[PDB]
Ligand code: NA
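Protein chains in written order, with the UniProt record's numbering: chain P, 25 to 54; chain X, 88 to 108.
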């Protein structure tokens, strides 16, 4: 699920699943 | 940033994990 174009909620979902209990930062403007 | 690497080009686990805390 990671090796494709991921945008918007699809990208947040991938971060959520991969990062697990670490959590993540979603900084689209950086 | 993440949009350029994973939305307008193809994402990778290596890259995604750079955004985990
Ligand atoms: Na999870």
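Even for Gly, the Cβ is constructed at its ideal location relative to N, Cα and C.
Would you identify the three-state DSSP class for residue i, choosing helix, strand or coil?
{"i": "residue 94(X)", "result": "helix"}
{"i": "residue 31(P)", "result": "coil"}
Shorter than 7 Å, the distance from the beta carbon of residue i to the closest heavy atom of ligand 1, or not?
{"i": "residue 40(P)", "result": "yes"}
{"i": "residue 44(P)", "result": "yes"}
Contact check, residue i vs residue j under 8 Å by CB: the rounded distance?
{"i": "residue 106(X)", "j": "residue 25(P)", "result": "With 8 Å as the limit, residue 106(X) and residue 25(P) do not qualify as a contact, their Cβ atoms being about 15 Å apart."}
If you measure from the beta carbon of residue i to each beta carbon in chain A, is any gap under 8 Å?
{"i": "residue 47(P)", "result": "The chain labelled as chain A is not found among the protein chains of the depicted structure, namely P and X."}
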